[PDB]
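>>> before I ask anything, here's the sequence and the deposited coordinates:
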Amino acid sequence: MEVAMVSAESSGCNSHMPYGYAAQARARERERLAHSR
């Protein structure tokens, strides 16, 4: 089971980052822990 961590810092212009960028940091960071290749 994972810890209950809720967060939503975005209600105007906080997620101004281009779509896909918020999914490249964790996608590349997950390789350091799930390094299977």
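Received the coordinates, thanks. Numbering: from 1, shown residues only.
>>> can you give me the helices for the chain?
Secondary structure of the chain by DSSP state H: the helices cover 25-33.
>>> center of it, which residue is that?
When the chain is reduced to its mean C-alpha position, the nearest residue by CA atoms, centre = their mean turns out to be residue 26, at 4.6 Å.
>>> please report how far it lies from residue 16.
Residue 26 sits 18 Å away from residue 16, going by CB to CB, to the nearest Å. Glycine gets a C-beta too; all of them are placed from N, C-alpha and C.
>>> before we move on, what about residue 9?
Applying CB to CB to residue 9 and residue 16 gives a distance of 12 Å.
>>> with residue 5 instead?
Between residue 5 and residue 16 the distance is 23 Å, computed by CB to CB.
>>> now do residue 3
Distance check for residue 3 against residue 16: by CB to CB, it reads 28 Å.
>>> again, but for residue 4
From residue 4 over to residue 16 the distance is 28 Å, taken as CB to CB.
>>> try residue 2
As for residue 2, its distance to residue 16 is 28 Å (criterion: CB to CB).
>>> so those two - more neighbours on which side?
Neighbours of residue 2 and residue 16, each counted by other CB atoms under 10 Å, are more numerous for residue 16; the result is 7 against 4.
>>> so what's the backbone phi/psi at the more buried one?
Residue 16 adopts backbone torsions of phi -60, psi -20, taken as degrees, to the nearest 10.
>>> also residue 19?
In this entry, residue 19 is assigned phi and psi values of phi -60, psi 140 (degrees, to the nearest 10).
>>> could you pull out the strands in the chain for me?
All residues of the chain lie outside strands when identified by DSSP state E.
>>> for the residue nearest to the centre of the chain, give me its contacts.
With contact taken as CB atoms under 8 Å, 6 or more residues apart in numbering, residue 26 is in contact with no other residue.
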